[PDB]
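Quick mapping for you: the protein sequence lines, in order, are chains A, B and C.
Per PDB author numbering, residue 100 is the first one in the first sequence, and the count goes up by one each step.
Per PDB author numbering, residue 438 is the first one in the second sequence, and the count goes up by one each step.
PDB author numbering puts the third sequence at residues 199 to 210, 215 to 244.
Working notes for the structure below.
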Amino acid sequence: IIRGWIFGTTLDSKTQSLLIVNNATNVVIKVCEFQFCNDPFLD
Amino acid sequence: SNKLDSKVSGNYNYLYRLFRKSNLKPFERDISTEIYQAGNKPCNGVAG
Amino acid sequence: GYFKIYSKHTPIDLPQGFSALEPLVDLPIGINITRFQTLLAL
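Take a look at the structure:
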């Protein structure tokens, strides 16, 4: 059920926020200025 | 870089910051575009 | 400026026992992190 984690200081586009996930295919890491949702999840 | 970076009217391609909130931790970067609190009264979006 | 990741998968509240976590990935990021959140699959 737990697929990954979200890291950052403000968790928006102002700063660069760490994003780690593990989908059904492979582990992907991106370091971007994601504009994260208030309630992010996977379905 | 005078040969490669020199404009007669002033090379504005490079930007430098003066009024930061505080001394930054080594090996960290800030991309904030907000107006710095340069006094006592809160800025609240007001510059000058 | 590092993001070390240590992992350990053990077949099985927290069990009473010992298990050393082997390092997995050294991730060269060099940014500030002060807060986090986990993600689930629904």
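Just so it is clear, CB atoms sit at the ideal spot from N, CA and C, and this is done for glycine as well.
Interface residues of chain B facing residue i [CB-CB closer than 9 Å]
| i | result |
| --- | --- |
| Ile210 of chain C | Here the premise fails: no neighbours, minimum Cβ distance about 39 Å. |
CB contact below 8 Å: residue i versus chain F
| i | result |
| --- | --- |
| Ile233 of chain C | Any reference to chain F falls outside this structure, whose protein chains are A, B and C. |
Under 8 Å by beta carbon: chain A residues contacting residue i
| i | result |
| --- | --- |
| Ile468 of chain B | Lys113, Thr114, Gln115, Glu132 |
| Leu241 of chain C | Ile101, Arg102, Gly103, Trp104, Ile105, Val120, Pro139, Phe140, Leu141 |
Where residue i meets chain B, residues with beta-carbon distance less than 7 Å
| i | result |
| --- | --- |
| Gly199 of chain C | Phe464 |
Opposing strand residues paired with residue i [DSSP bridges]
| i | result |
| --- | --- |
| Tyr200 of chain C | C:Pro230 |
| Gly103 of chain A | A:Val120, C:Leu241 |
| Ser205 of chain C | C:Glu224 |
| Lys129 of chain A | A:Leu118 |
Chain-order list of residues whose beta-carbon lies under 7 Å from that of residue i (same chain, five-residue window excluded)
| i | result |
| --- | --- |
| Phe140 of chain A | none |
Cβ-based burial, residue i [other Cβ within 10 Å; buried from 16]
| i | result |
| --- | --- |
| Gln218 of chain C | exposed |
| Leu117 of chain A | buried |
Spatial neighbours of residue i in its chain, beta-carbon cut-off 6 Å, leaving aside the 5 residues before and after
| i | result |
| --- | --- |
| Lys206 of chain C | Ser221, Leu223 |
Contact list for residue i against chain C, beta-carbon separation under 9 Å
| i | result |
| --- | --- |
| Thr108 of chain A | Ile233, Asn234, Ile235, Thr236, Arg237 |
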